[PDB]
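# Structural description and commentary
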Amino acid sequence: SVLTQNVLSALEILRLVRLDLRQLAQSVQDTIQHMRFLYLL
Amino acid sequence: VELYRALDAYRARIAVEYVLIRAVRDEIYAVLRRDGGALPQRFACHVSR
């Protein structure tokens with residue numbers, strides 16, 4: 001007691017990368033509407 | 001919406017002296033209109049024709 005295999009494990013993390021991209025887009029939109037709702041007169 | 005309420009309440013609080021001053025302004029103009037612009041003397045001072 002070779003790259004095509006590891007690229008799939010990399011894609012398994014790239015999925016979480018996509019999720020974080022979605023969360024940051026939602027954060028930016030939330031900030032924009034919040035600022036429009038409050039600060040603008 | 002809670003912070004928007006806080007902002008408008010703060011706007012309401014800050015304006016007291018300014019609305020009082022505006023009330024004095026509007027009263028001044030109203031009585032200046034009422035008396036036809038003829039202003040009688042109330043403080044003693046010599047004048048010239």
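The record lists cryo-EM as the method behind this PDB entry and 4.01 Å as its resolution.

## Examining the pattern of salt bridges
Opposite charge on two side chains permits pairing when their charged atoms draw close. All names here are of chain B. Considering all chains together, one arrives at two salt bridges over all chains under this definition. Between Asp 35 and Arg 34 there is a salt bridge whose closest N-O contact spans 3.6 Å. The class for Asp 35 is partly exposed, based on a relative accessible area of 37%. A relative accessible area of 65% places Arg 34 in the exposed class.

Parameters and conventions
Here the numbering of residues is sequential along each chain, from 1 in written sequence order, and it may depart from the entry's numbering. Residues without coordinates do not appear. Going through the entries in the order they are written, you letter the chains from A and number the ligands from 1. For clarity, the chains displayed are a part of a larger assembly, and the values are limited to that part. Note that the side-chain values use all heavy atoms of the structure and ignore hydrogens as well as water. Put simply, a salt bridge is a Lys or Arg side-chain nitrogen that is within 4 Å of an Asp or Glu carboxyl oxygen. Accessibility here uses a 1.4 Å probe with only protein chains present; expressed as a share of the type maximum, an area under 20% marks a residue as buried, one over 50% as exposed, and anything in between as partly exposed.

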